[PDB]
Structures are given as structure tokens and as C-alpha cells.
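Visitor: Below is one structure. I have some questions about it.
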Amino acid sequence: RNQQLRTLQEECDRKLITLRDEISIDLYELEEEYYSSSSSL
Amino acid sequence: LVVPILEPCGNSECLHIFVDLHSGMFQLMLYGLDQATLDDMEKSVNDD
Amino acid sequence: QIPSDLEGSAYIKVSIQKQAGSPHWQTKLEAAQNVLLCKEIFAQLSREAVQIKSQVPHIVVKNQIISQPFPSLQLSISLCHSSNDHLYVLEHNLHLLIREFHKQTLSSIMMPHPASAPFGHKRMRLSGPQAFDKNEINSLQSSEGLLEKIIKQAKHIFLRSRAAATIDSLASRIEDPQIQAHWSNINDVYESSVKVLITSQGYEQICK
Amino acid sequence: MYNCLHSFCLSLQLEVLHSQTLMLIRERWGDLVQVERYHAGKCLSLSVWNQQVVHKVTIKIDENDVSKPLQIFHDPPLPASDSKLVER
Amino acid sequence: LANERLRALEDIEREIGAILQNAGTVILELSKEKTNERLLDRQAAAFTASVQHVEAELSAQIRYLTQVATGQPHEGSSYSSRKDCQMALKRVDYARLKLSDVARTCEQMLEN
Amino acid sequence: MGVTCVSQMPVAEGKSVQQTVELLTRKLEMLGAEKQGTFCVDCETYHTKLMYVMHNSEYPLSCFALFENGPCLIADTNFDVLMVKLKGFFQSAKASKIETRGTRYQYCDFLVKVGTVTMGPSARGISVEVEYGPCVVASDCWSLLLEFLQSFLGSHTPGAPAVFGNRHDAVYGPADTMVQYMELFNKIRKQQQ
Amino acid sequence: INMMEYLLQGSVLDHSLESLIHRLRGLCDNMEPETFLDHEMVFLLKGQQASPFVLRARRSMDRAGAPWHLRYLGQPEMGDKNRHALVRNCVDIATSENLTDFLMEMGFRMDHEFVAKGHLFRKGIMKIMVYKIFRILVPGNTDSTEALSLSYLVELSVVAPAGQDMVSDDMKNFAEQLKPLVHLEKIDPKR
Amino acid sequence: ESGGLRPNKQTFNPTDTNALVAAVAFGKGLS
């Protein structure tokens, strides 16, 4: 049971990290946008 | 007790004196004060 | 048959306030184990809050720990026992810290690294053999509390939030020169980093 | 009947409080609160803010507590009159 | 562990069989015309054999326990791995929730 | 392991060994160095070729056994317990127990320790050790420590350790520090007068 | 204070190693086995005293940066029959690699060398080691060794202060409860 | 029937334990 659960957890973590990575790239794009917006209230 | 040192000042830079509900001793919390002077002042306060 | 006082569902609640399936038996057993773990967590927290000296002393009334990490905020760590604003990050950190403290005894490190020794802290053994310094690589050699670490983490989170909001306002209010911020990918529980840039609207290249 | 029932329930409350105090001393407080004197059915004295890091809180049962479970008595200090706090 | 399962099955089967045999034999005993003479003797033999077999099987199975028996209740548990995995799953669920909320806000933006 | 240098500075003059230590404390206050605790060194001697054991407070649980030019074993404190107990096949030598006890002053990443090798009950001499924890490589800080000693100590600044004399890029080590302590002890003993 | 080590020694044939290990893991604290390889060298001083001081130095060949261990174990203190354990004075000191040269320059002369391969389990204070002694083939050749005998060696040991003895009673009870799979008894070193 | 001396698998050899302890002590057949 231990091996199974550990593998499951690790796979989950890998997926999570890659997500963190993808979400971070999206965040970078948005941070480069919103900040550069003309707007000027 | 938030007692201020100087008249023109904000929330920080004022002596925050607390009382431990379990012990009763006085504990002072200054932002940038060194820990040795802090415990010395704590002892001097708890004495009198 | 669930043991008494382990019945119902319990979940520790940590909040920051700017004021003042399958097998049935499995569910019962897991709920009781989680209740026991949360009870141990809160017992350790209350003991460290009461019997350990620290700045800005804290208040424990029945099952709630009210602390002032900063002079202008309140941290409430209260155990909620149902007996039939929540920051899950701090609860997860509490659970992992308690599990680490539990694993400390079963730690593989402290288990006679060499052979026929005394079975204790092989890092400290190597430090004593290699003549380590008084405080450097010794001093306390891990001697903190769950409450202290949790408070430090909460303070860091608040500071980060504060800086973020401040820059946002600066970005919304002041629009003439520019403002930019690129938060780092990897952070820590007691640290973070940004990259502020102040360019112009049209001349990005030269105004660097 | 009322006198007997009242005496019994007040004595039961007395140690329901004594048991709670010893449980608090065991787990959380840890010598931060102490038991000065406990008389079963007469009074129970709890001391807080000890001299190390004194005051007592007595849970008396005297004569007839006609008005209420004998209003508690903070014997040593007799705290000052704070309208909001002394009522609680 | 299917070995233990098969053992139990055989046990139950043999027991039921022997009980039925005894029933039939006593029914033929009260019978006014016991036509099953040799048949009855065969049944008796079978029942005896069954009981002997059951006894032997039981003794062997009991030893099986003694070989692993020690009285000690055994400490080693999977509590560590289980707790870790539970924590991980809860964390992933929280992440999914946050992602869904952000997606919903983006949908709202598009809806105007 | 941070490059270190130890030398004997004459207490000299009519200034009492202890008063000379007070003058050294005044010089350390002038540097702005602040006390960071206390340090105690004690030694055990065994006539046999030649066995010396030096232990320094800064390293709390280690006991160093040095065999002259032969290798130094850095071992846990139990080592002292064991040598004492076995004793029968160990030379008792004499009361050569040499100890230097003095304050530790920390100046920006340099720890300076000035102490009086008190022989037995009577003080005689003075040992100064400047340790640079950031500098793990010997020779690179043989130069740094000579410069720092010329800066404070001024006159009577030494010529640097024998391991410093040896030309290697090898990391310095608490071992060489114990070696220096040993040579220092040897110097007061032979010095006599 | 001095450290006394309680030792109960018994043997297991290899064909029962599997079963023994299984039972051991099941009863012992929830850990994986540590799989330890240790090379031990014995050095003796031929002093004026008839008895020669014997110091054993062990280096882990399976791990990196693990300090050599010097252990001194004196004469047995066994007296009463109501303990069933070898109580001996134990001094254990972690040491640097130069230890070999230090000891030979100090006079200590190397005696024999035996590598040991086996598993380590701990139950509370108690530590159970099932190991096999491989008589080194060629003292220089740690690589080549000779299994001394087919049977592995099971040792149950508790090293505690002399005043403590409840732990030794616990060790005796635990060995007795391991009797159905295998027998651990106090065997005198003599013959 | 009847019953004889049949312990289920004997895994202990006393002569082997004695030899092992003696070797650990006097280094027999180890040099």
C-alpha cells in the first residue's frame, strides 16, 4: 500500500509543479500586460 | 499600553507594553530595539 | 467502535482578521485519526503559547489562540470540534510540521550512522568529530516551536500582501512614469522576491 | 427539598470546576495557575499571576446562597470597580 | 492468502457433509426397514474418515498460526505514507478549487 | 575551518600579566570588537613517542590528540574519558597541564582571542589567535592574517604558522589550530626565566 | 557515567533468514531495514599487564562520510542468574580516518579483520542486528572475503547507563518472545 | 495412531552459535 500511495502522491506532485510552472508563465504574461496598460485614470 | 516616545509619530516607534494573562509580567515590544536592552528594560520594569 | 472524544468531525481553523467513496468504517477511522491529530496539534500550540517566553504574548481562552504578530493585526488559531477567511495553507503547514516532529523520532539520520555507536543525530556526531563551532553548526541545533514558526510564516504572508497592495495602488494611482513588477516563481515560507522596474510609456529601451 | 437539591447541585458544580481546573493545570497552563485551597462543598481557591513569573479566586458555598450559587469571591485583591469587567 | 480461504471452504464443506451423514444414519436407525445395510456401513466409514480429515487439517492449520505467532501485537504501520498521501490529495483539491475560481472570473470577464 | 594565526605577545614591562591582558582588552575595545562569550583550552601530557591532547571551548564536543609530527585524531569527548580510564599502558608524564583562558572578541568576521597560558597555578606569557571563518583556504589568509596583525598588534606581529609555511591550497583545519596551540605551550615551557 | 551494553546472541540458518526478517519487521518499530556493511579491524597492545587492551575500529563501506567508530568492550560483569544477559563496560568514540595511522604510531598492532553484511532493526532502545561475518580474503582485499559459516548471527543489544537494568529485562523478554522462529541466549565468549 | 518428536523446522544450531561467539572473541578460522 505504501509503495502505491507514494507513487500516487509523487505523480500528483509532478503534475502540480508543472501546473505551478504553467500558471506562473501565464502570470508573467499578465504582469507584463496590466502594468504596461495606458488607461491613466 | 501604546505609549509614544516622541509627539510626532505613527503607530510604530512607540513602546507597546503587554501583560501576560498567564504570568502577569510586563513585556515591552519596540520595533528596532536590541534584545539585550529589551530584556534589561523588561527586568527593570517588572522589578518596579 | 470509535473511542470516546474521537467521534464527530474536527478541523483546525486559522484566520487573519483586521479587527480587535468506499468502506464505511474507513470514514469513521480516518475522521477519528484526524480529530486526534488536530487535538495533538492544538495541545502543542497551547503549551508553546503558555510555557514559552516570546515577544507580544498571546491569549488562549478555551480552544482559541489570539495573537498579535504585528501591532495592527490579529491571528486567530482555533480548534473547531463539531461533534456531530480560512487559510488552508497555514493548516497544511501545521499538519506537516506536526508530522515532521513525529518523524523526528523515527528519523533515519538518528540511528547509529556508523556502527556500535549511541544512535543520535549523525549530523551532530560529524560536527563534534570535525570540531564544530560554539553557535556556528550547533548553538541550538533545531530548538523552535510550532507557534513561533507559524507566527513567522503568518507575518511573512501579511508583509507580502501589504507590499503587493501598495505597489498595485502605486500602479493605479501614479501613471505618469511607469511601474512594473515580476514576482519570482519559487518563494519560501519566510522570504519572497520581486523585480520592480520604472520605465517610461513610450521609451522602454533607453529608459532602463 | 429545594435546600437539599440546591446544596447537592452546587457541590457538584464545585468540583465540576475543580476537575476543570486540574485538567487545565495538567495540559495547557502548566503551573501558570495553581490551586491554593479546595474544600469540598465550601470553597475552591485558584491562584493566577504567581510571584515566580498571591491572588486567589474562591468559589464559596456559605449558609444559604439564596441570591445565586454563592456569588464568587475574589478574596485577596478585592478587585476595583470596573463596571463592564467585574460583571463578567 | 487464498490458501487460508480454500482451507476454510474445505472445512465448512466437510463439516456440513459429516452432519448430513449423521442425520441420514440416525434416520435409517429409526427406520422399520433399514434396506441400506452395506450402504449404511459405507456411510459410517465415510463419516469417520471425514472427522479424521477435519481434525488433521485443523491441527496443521493451527500450527500455521504458531509459525507466525509471537504474542507481540506488532508495531509497524502504514500511518506515515497514508497521512502523507491524504495531505497531498487535499492540497491538489485546494489547487483545483482555486484554478476553477480563476477560470470562472475569466469567463465573467468574457461575458461582457 | 577558517585560517587562524596564534602568537605569544610579551606581557613584558612592569605591566602585570593580568594588567597587560587588560591593556589588550582596551586595544580590542578600540577596534570596536565585542565579546561573544568565553573560551577555555586545557592540555593532557603523556611522555609517550610523544602524546599531547589539546581541547578548545570554541569546539564543544571534540577532543584533539596530536602526536608531534604524527597525525592528529579529532574525536568525541568520550576520548578523554577513555584515555583516562585505560591509563595503565599510558605515560603519566608530569603536571605539564598547560591552559590558556581569555575573552573572545568578534570584529566583523574576525574572532580575536588573547589569553594567558597559565602554567599550573601561575600565569606566564600570552597567546593571541586571530581566526577568519570565511577564509577556508590556508596561505590565502596566511597573507590576510599577517596584514591584520600588522594592523592591530602592530610590533611583535608573528611570522605565521608552519602549516602556513607549508605551500598547499589544502583547507586549513582545526588540526593546524591545535598544532599552533601545541607550539605555543612548548614555547612558554622552554622560555622559563 | 559509564555505558554498559546488554548483549543476547543467537544464530539463524540462511534458509530461515527470510521468515526471521519477516517476523522481526512485523514486531519491530515501523522502519525499513538499514542494510549495513561494516569492516572491523582489531588492534591489541601487548602491555606489561598480561591482558592486552583490544580496540575495535569499524568503517562503513556502504556509506560515505560516516565516522570510523572506536569501541572498547571490557570483561563481562555477569554474576546473578536472574538477568540472562552479558553486561560489559562500553566506551564508543566516533573518530577521523587518520585513526588507523594514529593507533599504529601509538603502538597498537592490528589483529584480525572481518567484514559484516546484514540488516539493522530497532525496537525502542533495543536494536536487533542480523549479520553474516565474512572472514576477509586477503587482509588488503576488502573486496574478497570468506563467509565464516552458513548461519547468520542475530545480536540483540541495549547500551544504557549501569544504573538502568529495566531495558535489559525488556531485552530478555523480547528474545524469549522470538523463541518459536529462533533461539537467542547469553553464550559465554570462553570456548 | 501416536505422535513422535517432530518440531516444525528446527532453525537453531547450538554448536554453530558457540563457534560464532568463539570466533567473534578469539578470531578462530578467521585468520
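Computed from the coordinates by the stated procedures, all read-outs in this text should not be read as laboratory data. In this analysis, Cβ positions are derived from the backbone assuming ideal geometry, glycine residues included, and neighbour counts consider all displayed protein chains.
Visitor: Once you put a point 7 Å from the Cα of residue D:72 and another 7 Å from the Cα of residue E:40, both along the Cβ direction, what distance in nm separates them?
Guide: Rounded to a tenth, the inter-label distance reads 8.9 nm.
Visitor: Now for a different question. Ordered by residue, what ³J(HN,Hα) values in Hz, to whole numbers, does segment F:178-192 give under the Karplus form 6.51 cos²θ - 1.76 cosθ + 1.60, where θ = phi - 60° and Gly and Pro are x?
Guide: Running phi through 6.51 cos²θ - 1.76 cosθ + 1.60 with θ = phi - 60° gives 5, 4, 5, 4, 4, 4, 4, 4, 4, 4, 4, 4, 5, 4, 6 Hz.
Visitor: With springs only between Cα atoms under 10 Å, which of G:137, G:153, G:37 fluctuates most in a Gaussian network model of chain G?
Guide: Most flexible of the set in this elastic network: G:137.
Visitor: Still on this structure, I have one more. Taking amide H positions as placed in the peptide plane 1.01 Å from N, state which residues far from residue G:178 in sequence (5 or more) or on other chains have amide H under 5 Å from it.
Guide: HN-HN under 5 Å from residue G:178: empty list.
Visitor: Could you work out the mean count of beta carbons from other protein chains within 10 Å of each residue's beta carbon in G:67-73?
Guide: If you average over the peptide's residues, the count of other-chain Cβ atoms is 6.
Visitor: Can you list the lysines whose alpha carbon is less than 27 Å from that of residue D:68, not counting same-chain residues fewer than 8 positions off?
Guide: Correct list for residue D:68: C:62, D:42, D:56, D:60, D:84.
Visitor: Compute a Gaussian network model of chain G, connecting alpha carbons closer than 10 Å, and tell me which residue from G:151, G:19, G:60 fluctuates the most.
Guide: G:19
Visitor: Amide H of residue G:135 versus every other amide H placed in the peptide plane: which residues, excluding those fewer than 5 positions away on the same chain, fall under 5 Å?
Guide: G:146, G:147, G:148
Visitor: Between the alpha-carbon centers of segment E:42-77 and segment D:61-76, tell me the distance in whole angstrom.
Guide: 71
Visitor: Assuming a ≥ b ≥ c are the square roots of the Cα gyration tensor eigenvalues, decide whether chain B counts as rounded (a/c under 1.5), prolate (otherwise, with a/b larger than b/c) or oblate.
Guide: Verdict is prolate for chain B.
Visitor: Once you have a ≥ b ≥ c as the square roots of the Cα gyration tensor eigenvalues for chain E, tell me rounded if a/c is under 1.5, and otherwise prolate or oblate according to whether a/b is larger than b/c.
Guide: The shape class here is oblate.
Visitor: Follow-up. Tell me, how many Å apart are the Cα centres for chain H and for segment G:113-170?
Guide: 17
Visitor: Something else: Of E:100, D:7, E:28, whose Cα points farthest to the positive end of the dipole of the protein assembly as shown (charges on the beta-carbon: +1 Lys, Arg; -1 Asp, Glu; origin at the Cα centre)?
Guide: Farthest towards the positive end: E:28.
Visitor: Can you figure out the FRET efficiency of residue B:11 with residue B:40, using R₀ = 35 Å and their beta-carbon distance, to the nearest 0.05?
Guide: After rounding, the FRET efficiency stands at 0.90.
Visitor: Mind checking the dipole of the protein assembly as shown: about its Cα centre, +1 per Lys or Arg Cβ, -1 per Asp or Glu Cβ, Debye to the nearest 20?
Guide: Using only the charged Cβ atoms, the result is roughly 2420 debye.
Visitor: Work out the charge dipole of segment C:1-112 with +1 on the Cβ of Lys and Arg and -1 on the Cβ of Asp and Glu about the Cα centre, then indicate which of C:17, C:31, C:82 is farthest towards its positive end.
Guide: The residue sitting most towards the positive pole is C:17.
Visitor: Return the average number of partner chain Cβ atoms within 10 angstrom of each residue Cβ along peptide B:12-23.
Guide: Rounded to a whole number, the mean comes out at 5.
Visitor: Still on this structure, I have one more. What FRET efficiency comes out for the pair residue G:111/residue G:64, r = Cβ-Cβ distance, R0 = 35 Å, nearest 0.05? The partial results should precede the final answer.
Guide: Working: r = 27 Å, r/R0 = 0.77.
With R0 = 35 Å, the Cβ-Cβ based efficiency is 0.85.
Visitor: Roughly how many nanometres apart are two label points built 7 Å out from the Cα toward the Cβ at residue E:55 and residue G:164?
Guide: 5.3
Visitor: State to the nearest 20 debye the size of the charge dipole of segment G:3-177 about its Cα centre, where the only charges are +1 on K and R beta carbons and -1 on D and E beta carbons. Could you put the intermediate results ahead of the total?
Guide: On the way: 19 positive and 24 negative charges, 41 e Å.
The dipole of segment G:3-177 has a size of about 200 debye.
Visitor: Can I ask one more? Counting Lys +1, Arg +1, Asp -1, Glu -1, what net charge surrounds residue F:118 among other residues with beta carbon under 11 Å of its beta carbon?
Guide: +1
Visitor: Of the listed pairs C:149/F:113; F:49/F:97; C:122/G:172, which have alpha-carbon separations greater than 30 Å here?
Guide: C:149/F:113
Visitor: Rounded to whole Hz and in sequence order, give me ³J(HN,Hα) for segment E:90-96 from the Karplus expression 6.51 cos²θ - 1.76 cosθ + 1.60, θ = phi - 60°, writing x for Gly and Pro.
Guide: With coefficients 6.51, -1.76 and 1.60, one gets 4, 4, 4, 4, 4, 4, 4 Hz.
Visitor: Based on Cβ point charges of +1 for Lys and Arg and -1 for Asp and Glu, what charge dipole magnitude is obtained for chain C about its Cα centre, in debye rounded to the nearest 20? It would help to have the intermediate numbers written out before the result.
Guide: Values: 21 positive and 18 negative charges, 82 e Å.
Roughly 400 debye, rounded to the nearest 20.
Visitor: Across segment C:187-202, in residue order, what do the Karplus-derived ³J(HN,Hα) couplings come to in whole Hz, using 6.51 cos²θ - 1.76 cosθ + 1.60 with θ = phi - 60° and x for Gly and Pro?
Guide: 10, 9, 7, 9, 6, 6, 7, 10, 9, 7, 10, 10, 9, 9, 5, x
Visitor: With a sphere of radius 11 Å drawn around the Cβ of residue H:19, what net charge do the other residues whose Cβ falls strictly inside it have (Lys, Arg +1; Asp, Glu -1)? Before the final figure, lay out the partial values.
Guide: Details: positive: G:191, H:28; negative: H:16.
Taking every Cβ under 11 Å from that of residue H:19, the sum is +1.
Visitor: Just add up the charged neighbours of residue G:120: K/R +1, D/E -1, any other residue whose Cβ is under 14 Å from the Cβ of residue G:120.
Guide: Once all neighbours under 14 Å are counted, the net charge is +3.
Visitor: A further question follows. Can you give me the distance in nm between label points at residue A:17 and residue F:36, each placed 7 Å from the Cα along the Cα-to-Cβ direction?
Guide: That separation, rounded to one decimal, is 3.6 nm.
Visitor: For chain C, what does the equivalent ellipsoid look like in terms of its semi-axes, each the square root of 5 times an eigenvalue of the Cα gyration tensor, given largest first in whole Å?
Guide: Semi-axis lengths for chain C are 39, 29, 19 Å.
Visitor: Hey, with R₀ at 35 Å, roughly what FRET efficiency would residue C:194 and residue C:103 work out to, going by the Cβ-Cβ distance, to 0.05?
Guide: 0.50
Visitor: Taking amide H positions as placed in the peptide plane 1.01 Å from N, state which residues far from residue G:120 in sequence (5 or more) or on other chains have amide H under 5 Å from it.
Guide: When sequence neighbours closer than 5 places are left aside, the close amide H contacts are G:34, G:35, G:36.
Visitor: Top mean-square fluctuation among G:47, G:26, G:118, Gaussian network model of chain G, C-alpha springs under 10 Å?
Guide: G:47
Visitor: Something else about it: Identify, among G:66, G:96, G:36, the residue whose Cα sits farthest towards the positive end of the charge dipole of segment G:3-177, taking +1 on the Cβ of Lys and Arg and -1 on the Cβ of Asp and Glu, with the dipole about the Cα centre.
Guide: G:36
Visitor: Also, I was wondering about something else. Using the Kirkwood radius over Cα pairs, work out the Stokes-Einstein diffusion coefficient for the protein assembly as shown at 10 °C and 1.306 mPa s, in µm²/s as a whole number.
Guide: 44
Visitor: Continuing with the same structure: Apply the a/c threshold of 1.5 to the C-alpha gyration tensor of chain G and tell me whether it is rounded, prolate or oblate.
Guide: Oblate, since a/c reaches 1.5 and b/c is not below a/b.
Visitor: Before anything else, pin down the relative contact order of segment G:3-177: Cα pairs under 8 Å, at least 6 apart, normalised by residue count, whole percent.
Guide: With pairs under 8 Å counted, the relative contact order is 30 percent.
Visitor: Counting partner chain Cβ atoms within 10 Å of every residue's Cβ in C:183-189, what's the average? Intermediate results must be reported in sequence, preceding the final value.
Guide: Details: counts 4, 1, 7, 2, 0, 0, 0.
That works out to 2 on average.
Visitor: In whole angstrom, how far apart do the alpha carbon centroids of segment A:1-36 and segment C:154-208 sit?
Guide: Segment A:1-36 and segment C:154-208 have Cα centres separated by 23 Å.
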